[PDB]
């Protein structure tokens, strides 16, 4: 099965630019916990932004061009990315926007972090009627985390 994992802020005319609006180590810990020992699929730009393989996961990068780093697995289509994962329980698609769009119709589960920051203007719109919330938990900002956030897991209805 295919899952998407992403961090989401509120869309708002007059909000911050999307360059770097939050700092959430707690969110990266949730990301790690829910991706470890699963294959992760990402687009080339997301790969270049992370800048190093995610340890303890099979890293699969989508690019139309040949690969340029032997530390990861390179694929040229969505179907090839899925086939590269083999027979596993859960494939994690980690971004970015173009990649989420292509995989959302295939996905059974969404792991979402709803961050209480307003940004003017990555994740596709999803029909709330087609998804059922199965886990959610709110957390206050703290000394290490700039904003409050809510983890949520949605499964197809």
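Positions refer to the first chain, counted from 1.
Peer 1: Unmodelled stretch from the deposited sequence between residue 121 and residue 122, which bin: none, 1 to 3, 4 to 9, 10 or more?
Peer 2: 1 to 3 residues are missing.
Peer 1: Once you work out the mean C-alpha B-factor for both 99 to 107 and 22 to 30 from the entry, which is higher?
Peer 2: Mean CA B-factor is higher for 22 to 30.
Peer 1: Would you mind comparing 146 to 154 and 3 to 11 for me and telling me which has the higher average C-alpha temperature factor in the entry?
Peer 2: It is 3 to 11 that shows the higher mean C-alpha B-factor.
Peer 1: Between 70, 129, 48, 90, where does the Cα B-factor run highest in the record?
Peer 2: Of the candidates given, the C-alpha B-factor peaks at 129.
Peer 1: Among the modelled residues of its chain, does the C-alpha B-factor of residue 94 lie in the lowest, middle or highest third?
Peer 2: It belongs to the lowest third of the chain when residues are ordered by C-alpha B-factor.
Peer 1: Taking the entry's C-alpha B-factors for this chain, is residue 36 in the lowest, middle or highest third?
Peer 2: Residue 36: CA B-factor falls in the middle third of its chain.
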